[PDB]
Amino acid sequence: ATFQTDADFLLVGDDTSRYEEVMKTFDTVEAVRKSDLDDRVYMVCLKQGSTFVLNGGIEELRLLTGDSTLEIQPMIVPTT
Amino acid sequence: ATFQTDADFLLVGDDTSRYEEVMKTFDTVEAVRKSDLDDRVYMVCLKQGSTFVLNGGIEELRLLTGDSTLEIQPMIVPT
């Protein structure tokens, strides 16, 4: 289904070798950063105002990624 | 005591108002980001290879910032 979100988020997967490269093609994404804490994690921070939309949904991203394990999760703060 | 770290980290305070400003001041700091989840939280990402260091310790950051409630805390990842 179609995926959307105004909030930054994370990419968690066992194969992150194409994450950065794939995310560059989305003009709504501002930057991307691998976690110092866990290799299977990447933070995706969005351009202001932008709304990340992915028509083909998560499977579409998995497909672009070349990783079926990939998962999109919210960012976590130790205060909530 | 001196404060040092090579890893990204969070800033957490009640008066977030000069955080971004103060952070730009450090050439070891690459970017800063307020959390969508919590108004008191800012992410601090460091330039690659860089070491963020505060000789006056965290207290020196509380000074610069004007926020005695400021705390530096590690980043948390899902598991």
# chains A, B, ... in the order shown; residues from 1 in each chain; ligands from 1
call {"tool": "residues_around", "arguments": {"residues": "residue 39 (chain B)", "least_positions_apart": "2", "cutoff": "10 Å", "atoms": "only C-alpha atoms", "output": "PyMOL selection string"}}
result
chain B and resi 12-16+34-37+41-42
call {"tool": "select_by_dssp", "arguments": {"residues": "chain A", "states": "strand (DSSP E)", "output": "number ranges by chain"}}
result
A: 3-5, 9-12, 29-34, 41-46, 52-54, 71-73
call {"tool": "write_last_selection", "arguments": {"atoms": "N, CA and C atoms", "output": "short mmCIF file (atom, residue, chain, number, x, y, z; two decimals), in the first residue's frame"}}
result
data_model
loop_
_atom_site.label_atom_id
_atom_site.label_comp_id
_atom_site.auth_asym_id
_atom_site.auth_seq_id
_atom_site.Cartn_x
_atom_site.Cartn_y
_atom_site.Cartn_z
N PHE A 3 2.84 4.32 1.41
CA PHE A 3 3.42 4.74 2.68
C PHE A 3 3.69 6.22 2.76
N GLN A 4 3.40 6.79 3.92
CA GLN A 4 3.61 8.21 4.14
C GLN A 4 3.99 8.53 5.58
N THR A 5 4.64 9.68 5.76
CA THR A 5 5.03 10.14 7.08
C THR A 5 5.73 11.48 6.95
N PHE A 9 12.68 8.98 10.57
CA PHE A 9 12.43 7.61 10.94
C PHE A 9 13.66 6.77 10.71
N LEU A 10 13.56 5.47 10.96
CA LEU A 10 14.71 4.61 10.78
C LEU A 10 14.48 3.48 9.80
N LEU A 11 15.59 3.00 9.24
CA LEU A 11 15.61 1.88 8.32
C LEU A 11 16.40 0.80 9.03
N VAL A 12 15.78 -0.35 9.27
CA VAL A 12 16.47 -1.42 9.95
C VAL A 12 16.50 -2.61 9.05
N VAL A 29 13.88 13.37 1.23
CA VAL A 29 14.89 13.03 2.22
C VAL A 29 16.00 14.06 2.21
N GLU A 30 16.38 14.52 3.39
CA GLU A 30 17.42 15.51 3.50
C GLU A 30 18.77 14.89 3.76
N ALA A 31 18.81 13.94 4.67
CA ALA A 31 20.07 13.27 4.95
C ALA A 31 19.80 11.89 5.50
N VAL A 32 20.85 11.10 5.56
CA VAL A 32 20.74 9.74 6.05
C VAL A 32 21.99 9.44 6.87
N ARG A 33 21.88 8.64 7.94
CA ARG A 33 23.07 8.38 8.77
C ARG A 33 23.05 7.02 9.41
N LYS A 34 24.12 6.24 9.25
CA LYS A 34 24.17 4.92 9.88
C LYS A 34 24.39 5.10 11.38
N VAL A 41 21.09 -0.27 11.47
CA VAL A 41 20.29 0.95 11.56
C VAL A 41 20.78 2.19 10.81
N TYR A 42 19.83 2.89 10.22
CA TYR A 42 20.05 4.14 9.51
C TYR A 42 18.94 5.10 9.86
N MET A 43 19.34 6.32 10.18
CA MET A 43 18.38 7.34 10.50
C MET A 43 18.15 8.07 9.19
N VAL A 44 16.88 8.35 8.93
CA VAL A 44 16.47 9.08 7.75
C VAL A 44 15.81 10.35 8.26
N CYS A 45 16.46 11.48 7.98
CA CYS A 45 15.93 12.77 8.40
C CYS A 45 15.37 13.46 7.12
N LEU A 46 14.12 13.91 7.18
CA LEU A 46 13.42 14.57 6.06
C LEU A 46 13.60 16.08 5.88
N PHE A 52 7.50 12.32 3.36
CA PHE A 52 8.00 11.17 2.66
C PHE A 52 6.83 10.31 2.24
N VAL A 53 6.72 10.07 0.93
CA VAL A 53 5.66 9.23 0.37
C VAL A 53 6.35 8.20 -0.51
N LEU A 54 5.88 6.97 -0.41
CA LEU A 54 6.45 5.89 -1.16
C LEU A 54 5.25 5.13 -1.65
N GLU A 71 13.03 -2.85 7.24
CA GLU A 71 11.83 -2.49 7.98
C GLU A 71 11.91 -1.00 8.31
N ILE A 72 10.78 -0.32 8.31
CA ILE A 72 10.79 1.09 8.62
C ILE A 72 10.19 1.27 9.99
N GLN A 73 10.98 1.80 10.93
CA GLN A 73 10.52 1.99 12.30
C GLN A 73 10.70 3.44 12.72
#
call {"tool": "closest_residue", "arguments": {"among": "B:17, B:25, B:68, B:48", "to": "chain A", "atoms": "only C-alpha atoms"}}
result
B:48
call {"tool": "residues_around", "arguments": {"residues": "region 49-65 of chain B", "least_positions_apart": "5", "cutoff": "8 Å", "atoms": "only C-alpha atoms", "output": "PyMOL selection string"}}
result
chain B and resi 1-6+17-19+22+26+28-29+70-72
call {"tool": "write_last_selection", "arguments": {"atoms": "N, CA, C and O atoms", "output": "mmCIF file, in the first residue's frame"}}
result
data_model
loop_
_atom_site.group_PDB
_atom_site.id
_atom_site.type_symbol
_atom_site.label_atom_id
_atom_site.label_comp_id
_atom_site.auth_asym_id
_atom_site.auth_seq_id
_atom_site.Cartn_x
_atom_site.Cartn_y
_atom_site.Cartn_z
ATOM 1 N N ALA B 1 35.271 18.107 34.718
ATOM 2 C CA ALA B 1 36.294 17.280 34.026
ATOM 3 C C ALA B 1 36.100 17.369 32.523
ATOM 4 O O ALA B 1 35.032 17.721 32.061
ATOM 5 N N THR B 2 37.121 17.039 31.749
ATOM 6 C CA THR B 2 36.978 17.133 30.305
ATOM 7 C C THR B 2 35.943 16.152 29.788
ATOM 8 O O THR B 2 35.779 15.084 30.340
ATOM 9 N N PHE B 3 35.231 16.549 28.743
ATOM 10 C CA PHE B 3 34.220 15.718 28.133
ATOM 11 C C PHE B 3 34.702 15.460 26.723
ATOM 12 O O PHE B 3 35.181 16.376 26.048
ATOM 13 N N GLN B 4 34.571 14.209 26.285
ATOM 14 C CA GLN B 4 35.002 13.779 24.951
ATOM 15 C C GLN B 4 34.098 12.648 24.455
ATOM 16 O O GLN B 4 33.533 11.910 25.257
ATOM 17 N N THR B 5 33.977 12.503 23.143
ATOM 18 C CA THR B 5 33.184 11.438 22.552
ATOM 19 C C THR B 5 33.403 11.485 21.055
ATOM 20 O O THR B 5 33.666 12.542 20.482
ATOM 21 N N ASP B 6 33.299 10.321 20.427
ATOM 22 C CA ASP B 6 33.455 10.211 18.984
ATOM 23 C C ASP B 6 32.120 9.857 18.413
ATOM 24 O O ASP B 6 31.958 9.858 17.216
ATOM 25 N N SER B 17 16.281 26.642 23.549
ATOM 26 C CA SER B 17 16.459 27.845 22.750
ATOM 27 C C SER B 17 17.800 28.264 22.158
ATOM 28 O O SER B 17 17.822 29.025 21.203
ATOM 29 N N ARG B 18 18.933 27.821 22.680
ATOM 30 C CA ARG B 18 20.168 28.289 22.042
ATOM 31 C C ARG B 18 21.069 27.150 21.623
ATOM 32 O O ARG B 18 22.208 27.350 21.192
ATOM 33 N N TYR B 19 20.498 25.960 21.711
ATOM 34 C CA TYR B 19 21.182 24.728 21.396
ATOM 35 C C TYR B 19 21.783 24.679 20.021
ATOM 36 O O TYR B 19 22.986 24.382 19.869
ATOM 37 N N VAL B 22 24.465 27.462 19.649
ATOM 38 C CA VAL B 22 25.683 27.068 20.357
ATOM 39 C C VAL B 22 26.419 25.947 19.658
ATOM 40 O O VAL B 22 27.646 25.957 19.581
ATOM 41 N N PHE B 26 30.845 24.579 17.092
ATOM 42 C CA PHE B 26 31.854 23.527 17.114
ATOM 43 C C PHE B 26 32.067 22.913 15.745
ATOM 44 O O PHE B 26 31.171 22.309 15.156
ATOM 45 N N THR B 28 33.524 20.405 15.022
ATOM 46 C CA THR B 28 33.547 18.939 15.040
ATOM 47 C C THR B 28 32.113 18.456 14.852
ATOM 48 O O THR B 28 31.874 17.301 14.523
ATOM 49 N N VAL B 29 31.164 19.366 15.078
ATOM 50 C CA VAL B 29 29.749 19.078 14.943
ATOM 51 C C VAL B 29 29.329 19.297 13.498
ATOM 52 O O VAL B 29 29.554 20.360 12.926
ATOM 53 N N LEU B 70 20.318 21.181 31.087
ATOM 54 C CA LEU B 70 20.939 20.443 30.000
ATOM 55 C C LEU B 70 21.650 19.133 30.418
ATOM 56 O O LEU B 70 22.342 19.067 31.440
ATOM 57 N N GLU B 71 21.480 18.094 29.612
ATOM 58 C CA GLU B 71 22.118 16.823 29.882
ATOM 59 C C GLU B 71 22.535 16.232 28.566
ATOM 60 O O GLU B 71 21.829 16.410 27.585
ATOM 61 N N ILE B 72 23.675 15.546 28.523
ATOM 62 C CA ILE B 72 24.078 14.889 27.297
ATOM 63 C C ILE B 72 23.765 13.444 27.591
ATOM 64 O O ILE B 72 24.126 12.939 28.649
#
call {"tool": "atom_distance", "arguments": {"atom1": "CA of residue 61 (chain A)", "atom2": "CA of residue 24 (chain A)"}}
result
12.6 Å
call {"tool": "interface_residues", "arguments": {"of": "chain A", "to": "chain B", "cutoff": "9 Å", "atoms": "only C-alpha atoms", "output": "list in words"}}
result
residues 7, 8, 12, 33, 35, 36, 37, 38, 41, 45, 73, 75, 76, 77, 78, 79 and 80 of chain A
call {"tool": "select_by_dssp", "arguments": {"residues": "region 11-65 of chain A", "states": "alpha helix (DSSP H)", "output": "ChimeraX atom specification"}}
result
/A:19-24,57-65
